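What follows is a set of notes on a single structure, which appears directly below.
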Amino acid sequence: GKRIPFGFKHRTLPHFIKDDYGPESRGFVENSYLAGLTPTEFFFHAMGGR
Amino acid sequence: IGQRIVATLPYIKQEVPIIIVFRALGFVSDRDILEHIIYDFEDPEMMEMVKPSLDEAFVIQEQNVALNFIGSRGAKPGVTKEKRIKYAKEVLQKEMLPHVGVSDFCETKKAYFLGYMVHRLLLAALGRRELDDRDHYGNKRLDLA
Amino acid sequence: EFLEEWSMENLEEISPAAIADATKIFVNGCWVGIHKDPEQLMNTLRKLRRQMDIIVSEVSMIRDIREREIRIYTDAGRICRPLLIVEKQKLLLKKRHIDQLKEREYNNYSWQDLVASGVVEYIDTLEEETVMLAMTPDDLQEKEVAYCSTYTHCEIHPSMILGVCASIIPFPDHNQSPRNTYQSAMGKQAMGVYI
Amino acid sequence: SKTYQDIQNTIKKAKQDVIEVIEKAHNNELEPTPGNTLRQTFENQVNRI
Amino acid sequence: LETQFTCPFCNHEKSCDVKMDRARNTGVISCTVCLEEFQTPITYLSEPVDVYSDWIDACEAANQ
Amino acid sequence: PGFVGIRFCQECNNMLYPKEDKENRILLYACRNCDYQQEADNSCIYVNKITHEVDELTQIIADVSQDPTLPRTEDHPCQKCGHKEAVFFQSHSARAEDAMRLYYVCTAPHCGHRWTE
Amino acid sequence: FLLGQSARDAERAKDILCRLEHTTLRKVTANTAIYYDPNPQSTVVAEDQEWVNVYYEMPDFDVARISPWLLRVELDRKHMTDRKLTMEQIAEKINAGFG
Amino acid sequence: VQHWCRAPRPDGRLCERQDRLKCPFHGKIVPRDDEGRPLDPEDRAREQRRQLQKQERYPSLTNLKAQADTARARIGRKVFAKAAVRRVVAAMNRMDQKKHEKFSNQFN
Ligand SMILES: [Zn+2]
Ligand SMILES: [Zn+2]
Ligand SMILES: [Zn+2]
Ligand SMILES: [Zn+2]
Ligand SMILES: [Zn+2]
């Protein structure tokens with residue numbers, strides 16, 4: 001029920017800078033299933049499905 | 001109802017106030033112990049976090065007394081004194097924190113490491129660091145053939 | 001041993017007044033010394049590792065910075081993966097290397113010569129907490145609003161975050177995730193030639 | 001293509017508003033709603049956007 | 001930890017028991033069989049096994 | 001108010017517990033262990049901040065400017081050394097999770113100036 | 001469910017609210033300290049000395065019985081008002097409980 | 001806080017205390033004139049009645065009850081009760097519950 005959690009040290013992943021509260025950083029997928037998903041959206045989507 | 005820190009050593013039948021475990025390692029005066037636990041004497045809050053535990057065991061003030069105190073817990077009740085102090089010394093060297101060292105005269109190392117353990121605990125309680133996550137894989141080791 | 005040759009100050013030789021500002025140093029969890037200039041020590045050591053010097057490749061090396069510890073691991077069981085190393089804003093992997101690998105079968109310029117030349121680096125789950133990964137060498141390109149602009153590593157390719165059965169799925173990123181998980185589980189029941 | 005452009009424009013709008021909200025909160029310009037702390041109000045507003 | 005100890009003198013196991021008078025900071029250990037009785041101060045950390053081990057040293061020390 | 005710190009004996013180095021000199025009605029710091037005695041200075045013995053009004057600037061260490069993982073911004077020039085670039089970040093401590101206020105630190109070598117907004 | 005006009009206006013409802021909710025002293029205290037004051041006429045603290053000497057000169061309560069040891073407690077305003085509350089009632093309660 | 005206690009003090013002065021509801025030294029605050037008489041005659045009669053009611057109302061060896069019969073013993077009995085310490089421990093554990101709530105965004 002919450003956005004993706006900060007599992008690294010104030011980072012959702014090591015591709016983002018620290019204390020990043022943007023929509024991309026916490027797991028907003030701005031793509032359709034027909035446009036693909038960029039690798040970080042793929043990982044966050046995996047977490048939700050799990 | 002002040003917070004009182006204690007340690008659970010291996011092969012000692014009861015919990016033990018940590019300040020005792022510092023006495024039994026030969027750092028007898030109070031200030032020498034707070035040199036090893038509190039790496040900076042300016043933060044008052046951690047000092048009054050440590051005060052209660054430094055009161056809890058004001059009674060035991062010398063290395064051999066604390067070694068008695070520890071070894072009285074342990075193997076079998078009715079045992080001579082010298083065996084009791086040998087027991088406590090054997091524990092605090094061989095069994096407690098081996099990775100720091102099993103050889104003798106590893107007591108300044110052992111005291112610094114135990115002070116580190118307590119420092120980390122006090123930060124966790126004052127909130128200056130986050131509680132360790134269990135499912136972080138940095139903390140885990142895969143155990144191959 | 002190398003640390004002793006450097007300006008490490010072993011622990012049984014310190015006045016406890018000094019620890020306040022210095023940086024601690026743990027080698028496999030054992031508080032081994034202290035040091036006064038951390039960053040130079042870290043750069044020295046990472047350089048030594050990058051040269052295949054005394055520090056073997058699989059030696060994780062973290063630097064907690066808010067708290068003042070440096071931690072070095074050599075134990076067994078840690079998991080790690082190779083990444084590309086980044087200069088200021090540029091990979092160290094030039095086309096010299098691609099040229100020499102392309103004839104990997106004549107020059108015997110293998111992968112080992114590629115780690116040996118300070119181009120890839122094994123970074124493990126705990127040292128990742130302190131890197132900044134470019135997903136692809138385009139993140140390096142100076143953007144209109146440079147996102148981070150101080151990257152440390154790159155991914156070799158994003159698609160190597162998948163496994164042996166999930167690497168069969170074609171276009172896995174157009175699928176909903178439980179679909180990919182079932183296919184992973186049904187690709188192990190599929191009659192073929194097993195040997 | 002027209003509806004693709006609509007969709008992209010809506011997404012750009014939404015991300016811009018979320019950036020605005022963030023920098024408000026960075027300037028101490030955001031004030032909690034009744035029954036909710038600052039973290040929770042911040043999160044609730046971003047999720048609503 | 002346990003509380004009943006072999007009498008150091010009559011060698012009867014579990015025949016010694018202790019009374020910790022926390023009011024006076026003094027604990028007594030008494031052998032029911034031989035009626036031997038040992039008195040000694042206690043502090044708020046002390047336990048029966050600590051008291052007992054004062055007795056043994058008192059026995060040996062006087063037996064020197 | 002201000003917090004109150006411990007002070008140690010000069011024979012034992014043990015912590016000097018307080019008590020009162022009733023016949024003089026003045027505060028003495030004494031040693032439970034040795035028989036050393038000292039005359040006090042505070043006249044206060046205990047303090048609790050129920051609100052927990054801790055300022056994080058003390059917790060900040062000027063070395064955090066080295067982090068590559070940590071945001072860099074050009075807009076806020078350093079007040080002290082006049083440098084252009086400075087890192088910034090959240091509070092990130094228990095009892096301080098609210099208040100997404102930012103803390104700024106200069107990124108010049110050996111300037112180490114820190115401030116807030 | 002509120003019964004009377006409290007159903008309609010918010011203020012009456014909030015009154016009833018604060019009259020249900022439990023409010024121990026911690027919730028309405030800023031900070032406390034245990035001073036050593038032998039002489040009430042001369043507090044260690046300065047900012048309190050005014051109302052101090054306003055109280056201690058009139059001998060409704062004995063000065064001889066008083067011990068030199070002190071509690072001083074700080075109340076913060078916005079909390080203090082949220083429960084629509086005043087030091088009179090807290091004084092009253094402390095009288096009631098310990099006598 | 002406008003109205004003043006204004007009760008007649010023994011020194012002839014009127015109280016200047018700014019209490020919202022009650023004077024700690026004169027009970028309930030009633031509105032008084034410049035010379036301290038309550039404006040309401042009924043309130044004055046009630047105050048007079050209350051004042052009248054208030055005005056109306058082995059020996060050589062030590063007695064152990066002297067220690068048992070003292071304020072300090074009473075307070076010690078009250079505070080050092082198993083119920084009281086249990087409530088104290090419960091409240092302090094709820095304090096611990098808040099400092100457990102000091103990890104919002106991350107895993108904790
Ligand atoms: Zn016997
Ligand atoms: Zn002393
Ligand atoms: Zn600067
Ligand atoms: Zn009055
Ligand atoms: Zn009055």
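A note on labels: chains of the structure tokens are A, B, ... as shown, every chain counts residues from 1, and ligands are counted from 1 in their shown order.
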
Exercise for the section: Kindly work out which residues sit at most 7 Å from ligand 1, using only C-alpha atoms and all ligand atoms, and give the list as a PyMOL selection string. Expected result: chain E and resi 7-12+31-36

Practice task
Dump as a ChimeraX atom specification the residues of chain C that approach chain B to within 8 Å, counting only C-alpha atoms.
Solution key: /C:11-12,16-17,19-20,30-31,76-79,125-126

Generate the output file for the selected residues, N, CA, C and O atoms, as a CSV table (one decimal), in the first residue's frame.
```
chain,number,residue,atom,x,y,z
C,11,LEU,N,45.6,-0.3,17.2
C,11,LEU,CA,44.7,0.1,18.2
C,11,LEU,C,45.3,0.1,19.6
C,11,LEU,O,44.9,0.9,20.5
C,12,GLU,N,46.3,-0.7,19.8
C,12,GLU,CA,47.0,-0.8,21.1
C,12,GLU,C,48.1,0.3,21.3
C,12,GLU,O,49.0,0.1,22.1
C,16,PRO,N,42.9,7.3,23.6
C,16,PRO,CA,41.5,7.4,23.2
C,16,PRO,C,41.0,8.8,22.9
C,16,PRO,O,39.8,8.9,22.5
C,17,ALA,N,41.8,9.8,23.2
C,17,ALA,CA,41.3,11.1,22.8
C,17,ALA,C,41.3,11.3,21.3
C,17,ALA,O,40.4,12.1,20.8
C,19,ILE,N,40.3,9.2,18.8
C,19,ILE,CA,39.3,8.5,18.0
C,19,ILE,C,38.2,9.4,17.5
C,19,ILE,O,37.5,9.0,16.5
C,20,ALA,N,37.9,10.5,18.2
C,20,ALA,CA,36.7,11.2,18.0
C,20,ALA,C,36.6,11.6,16.5
C,20,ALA,O,35.5,11.5,15.9
C,30,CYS,N,36.9,-6.9,12.4
C,30,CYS,CA,37.8,-6.8,13.6
C,30,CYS,C,38.3,-5.4,13.5
C,30,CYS,O,39.0,-5.0,12.6
C,31,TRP,N,38.1,-4.6,14.6
C,31,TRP,CA,38.5,-3.2,14.6
C,31,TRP,C,40.0,-3.2,14.7
C,31,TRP,O,40.6,-3.5,15.7
C,76,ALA,N,34.3,-15.5,2.7
C,76,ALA,CA,33.7,-16.3,1.6
C,76,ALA,C,32.2,-16.2,1.8
C,76,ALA,O,31.6,-16.0,2.9
C,77,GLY,N,31.5,-16.3,0.7
C,77,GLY,CA,30.0,-16.3,0.6
C,77,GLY,C,29.4,-15.0,0.1
C,77,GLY,O,28.2,-15.0,-0.2
C,78,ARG,N,30.2,-14.0,0.0
C,78,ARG,CA,29.6,-12.7,-0.5
C,78,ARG,C,29.3,-12.9,-2.0
C,78,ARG,O,30.0,-13.6,-2.7
C,79,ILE,N,28.3,-12.2,-2.5
C,79,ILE,CA,27.9,-12.2,-3.9
C,79,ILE,C,28.3,-10.9,-4.6
C,79,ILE,O,28.2,-9.8,-3.9
C,125,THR,N,27.1,-6.6,-2.9
C,125,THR,CA,25.8,-6.1,-2.5
C,125,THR,C,25.9,-5.0,-1.5
C,125,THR,O,25.0,-4.2,-1.2
C,126,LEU,N,27.1,-4.9,-0.8
C,126,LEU,CA,27.2,-3.9,0.3
C,126,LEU,C,28.0,-2.7,-0.2
C,126,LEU,O,27.8,-1.6,0.3
```

Practice task
Kindly compile the residues surrounding ligand 3 within 8 Å, counting only C-alpha atoms and all ligand atoms, and format them as a list in words.
Solution key: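 Every residue with an atom at most 8 Å from ligand 3 is listed here: residues 77, 78, 79, 80, 81, 82, 83, 86, 105, 106, 107, 108, 111, 112, 113 and 114 of chain F.
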
Closest atom pairs, chain B residues within 8 Å of chain F, only C-alpha atoms, as CSV:
```
residue,atom,partner,partner_atom,distance
B:29,CA,F:13,CA,6.2
B:30,CA,F:14,CA,5.0
B:31,CA,F:13,CA,5.7
B:44,CA,F:5,CA,5.7
B:45,CA,F:3,CA,7.8
B:47,CA,F:5,CA,7.2
B:48,CA,F:5,CA,7.6
B:127,CA,F:94,CA,5.0
B:128,CA,F:93,CA,6.1
B:129,CA,F:93,CA,7.3
```

File of the preceding selection, C-alpha atoms, as an mmCIF file, in the first residue's frame:
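Saved as result.cif:
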```cif
data_model
loop_
_atom_site.group_PDB
_atom_site.id
_atom_site.type_symbol
_atom_site.label_atom_id
_atom_site.label_comp_id
_atom_site.auth_asym_id
_atom_site.auth_seq_id
_atom_site.Cartn_x
_atom_site.Cartn_y
_atom_site.Cartn_z
ATOM 1 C CA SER B 29 38.343 3.362 36.835
ATOM 2 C CA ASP B 30 35.084 4.714 35.489
ATOM 3 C CA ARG B 31 36.682 7.258 33.199
ATOM 4 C CA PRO B 44 25.594 14.917 26.981
ATOM 5 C CA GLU B 45 22.669 12.700 25.970
ATOM 6 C CA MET B 47 26.485 10.317 28.791
ATOM 7 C CA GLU B 48 23.194 10.297 30.659
ATOM 8 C CA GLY B 127 18.180 7.133 16.944
ATOM 9 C CA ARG B 128 21.383 8.310 15.285
ATOM 10 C CA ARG B 129 21.532 5.151 13.160
#
```

Exercise for the section: Write out as a PyMOL selection string each polymer residue whose atoms come within 10 Å of residue 47 (chain E), counting only C-alpha atoms; drop sequence neighbours fewer than 2 positions from it. Expected result: (chain B and resi 69+72-73) or (chain E and resi 1-3+18+20+27+42-45+49-52)

Restricting it to N, CA, C and O atoms, dump the selection as a compact mmCIF listing (two decimals), in the first residue's frame.
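Saved the output as again_24.txt:
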```txt
# COMPACT_ATOMS: atom_id res chain seq x y z
N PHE B 69 32.90 -12.16 40.56
CA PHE B 69 31.50 -11.94 40.27
C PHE B 69 31.06 -12.73 39.05
O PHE B 69 29.99 -13.34 39.04
N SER B 72 31.64 -16.82 39.59
CA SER B 72 30.70 -17.42 40.52
C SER B 72 29.50 -17.97 39.78
O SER B 72 28.90 -18.96 40.20
N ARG B 73 29.12 -17.32 38.69
CA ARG B 73 28.26 -17.94 37.70
C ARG B 73 29.18 -18.74 36.80
O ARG B 73 30.34 -18.38 36.62
N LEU E 1 20.88 -20.61 37.42
CA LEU E 1 21.52 -20.75 38.72
C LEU E 1 20.58 -21.48 39.66
O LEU E 1 19.36 -21.49 39.45
N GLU E 2 21.18 -22.11 40.67
CA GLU E 2 20.47 -22.89 41.66
C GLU E 2 20.88 -22.45 43.05
O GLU E 2 21.88 -21.75 43.22
N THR E 3 20.11 -22.86 44.06
CA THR E 3 20.24 -22.22 45.37
C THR E 3 20.71 -23.13 46.50
O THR E 3 21.21 -22.61 47.50
N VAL E 18 19.85 -20.54 52.03
CA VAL E 18 20.30 -19.18 52.26
C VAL E 18 19.10 -18.31 52.58
O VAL E 18 17.99 -18.57 52.09
N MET E 20 18.45 -14.23 52.45
CA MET E 20 18.98 -12.92 52.08
C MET E 20 18.10 -11.86 52.74
O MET E 20 17.04 -11.51 52.22
N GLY E 27 23.33 -11.84 54.41
CA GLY E 27 22.75 -13.12 54.05
C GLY E 27 23.37 -14.22 54.89
O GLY E 27 24.55 -14.18 55.21
N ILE E 42 25.85 -8.74 52.04
CA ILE E 42 25.46 -8.85 50.65
C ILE E 42 25.10 -7.47 50.14
O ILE E 42 24.72 -6.58 50.89
N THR E 43 25.23 -7.31 48.83
CA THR E 43 24.80 -6.10 48.14
C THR E 43 23.67 -6.45 47.18
O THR E 43 23.33 -7.61 46.98
N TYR E 44 23.10 -5.41 46.59
CA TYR E 44 21.91 -5.61 45.77
C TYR E 44 22.18 -6.41 44.51
O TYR E 44 21.23 -6.82 43.84
N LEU E 45 23.45 -6.65 44.16
CA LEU E 45 23.77 -7.56 43.07
C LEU E 45 24.01 -8.98 43.53
O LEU E 45 23.98 -9.90 42.70
N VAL E 49 24.57 -17.96 45.22
CA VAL E 49 25.81 -18.58 44.80
C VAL E 49 26.98 -17.66 45.09
O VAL E 49 28.11 -18.11 45.30
N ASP E 50 26.74 -16.35 45.10
CA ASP E 50 27.80 -15.46 45.54
C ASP E 50 28.02 -15.59 47.03
O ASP E 50 29.17 -15.61 47.49
N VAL E 51 26.94 -15.68 47.81
CA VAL E 51 27.09 -15.84 49.25
C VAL E 51 27.82 -17.13 49.58
O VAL E 51 28.78 -17.13 50.35
N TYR E 52 27.37 -18.24 49.01
CA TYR E 52 27.99 -19.52 49.28
C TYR E 52 29.49 -19.46 49.07
O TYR E 52 30.25 -19.99 49.88
```

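Listed by chain and then residue number, the contacts of ligand 5 are residues 5, 7, 15, 23, 24, 25, 26 and 27 of chain H (distance at most 7 Å, using only C-alpha atoms and all ligand atoms).
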
Would you save the residues of that selection, restricted to N, CA and C atoms, as a JSON list (two decimals), in the first residue's frame?
```
[["chain", "number", "residue", "atom", "x", "y", "z"],
["H", 5, "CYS", "N", -8.26, 38.36, 41.00],
["H", 5, "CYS", "CA", -8.75, 37.71, 42.21],
["H", 5, "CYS", "C", -9.32, 38.73, 43.19],
["H", 7, "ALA", "N", -9.26, 39.50, 46.10],
["H", 7, "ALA", "CA", -9.76, 39.20, 47.43],
["H", 7, "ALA", "C", -9.05, 40.06, 48.47],
["H", 15, "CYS", "N", -5.96, 41.14, 45.87],
["H", 15, "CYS", "CA", -5.17, 40.24, 45.04],
["H", 15, "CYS", "C", -5.18, 40.69, 43.58],
["H", 23, "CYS", "N", -8.70, 31.40, 42.23],
["H", 23, "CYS", "CA", -7.50, 31.84, 42.93],
["H", 23, "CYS", "C", -6.97, 30.69, 43.78],
["H", 24, "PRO", "N", -5.68, 30.35, 43.68],
["H", 24, "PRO", "CA", -5.16, 29.28, 44.54],
["H", 24, "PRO", "C", -5.27, 29.60, 46.01],
["H", 25, "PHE", "N", -5.42, 30.87, 46.36],
["H", 25, "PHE", "CA", -5.37, 31.33, 47.74],
["H", 25, "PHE", "C", -6.71, 31.87, 48.22],
["H", 26, "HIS", "N", -7.69, 32.01, 47.32],
["H", 26, "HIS", "CA", -9.02, 32.50, 47.65],
["H", 26, "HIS", "C", -10.13, 31.65, 47.05],
["H", 27, "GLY", "N", -9.83, 30.42, 46.65],
["H", 27, "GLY", "CA", -10.84, 29.57, 46.04],
["H", 27, "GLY", "C", -11.37, 30.12, 44.74]]
```

Handout entry: Shell around region 86-93 of chain G at 8 Å using only C-alpha atoms, local window under 5 positions removed, as an NGL selection string
Key = (:G and (80-81)) or (:H and (19-22 or 24))

Selection export as a PDB file, in the first residue's frame, atoms kept: N, CA and C atoms:
```
ATOM      1  N   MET G  80      -0.923  23.492  25.332  1.00  0.00           N
ATOM      2  CA  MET G  80      -1.635  23.860  26.535  1.00  0.00           C
ATOM      3  C   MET G  80      -3.036  24.349  26.207  1.00  0.00           C
ATOM      4  N   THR G  81      -3.205  24.935  25.019  1.00  0.00           N
ATOM      5  CA  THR G  81      -4.502  25.456  24.605  1.00  0.00           C
ATOM      6  C   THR G  81      -5.336  24.391  23.915  1.00  0.00           C
TER       7      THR G  81
ATOM      8  N   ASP H  19      -5.748  34.635  37.341  1.00  0.00           N
ATOM      9  CA  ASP H  19      -6.178  33.271  37.065  1.00  0.00           C
ATOM     10  C   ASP H  19      -7.503  33.280  36.320  1.00  0.00           C
ATOM     11  N   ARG H  20      -7.618  32.396  35.328  1.00  0.00           N
ATOM     12  CA  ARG H  20      -8.838  32.333  34.531  1.00  0.00           C
ATOM     13  C   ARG H  20     -10.042  31.970  35.389  1.00  0.00           C
ATOM     14  N   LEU H  21      -9.906  30.951  36.234  1.00  0.00           N
ATOM     15  CA  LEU H  21     -11.044  30.382  36.949  1.00  0.00           C
ATOM     16  C   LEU H  21     -10.992  30.573  38.455  1.00  0.00           C
ATOM     17  N   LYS H  22      -9.933  30.122  39.128  1.00  0.00           N
ATOM     18  CA  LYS H  22      -9.898  30.112  40.585  1.00  0.00           C
ATOM     19  C   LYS H  22      -8.620  30.774  41.073  1.00  0.00           C
ATOM     20  N   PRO H  24      -5.677  30.352  43.682  1.00  0.00           N
ATOM     21  CA  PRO H  24      -5.158  29.279  44.544  1.00  0.00           C
ATOM     22  C   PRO H  24      -5.274  29.597  46.014  1.00  0.00           C
TER      23      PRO H  24
END
```
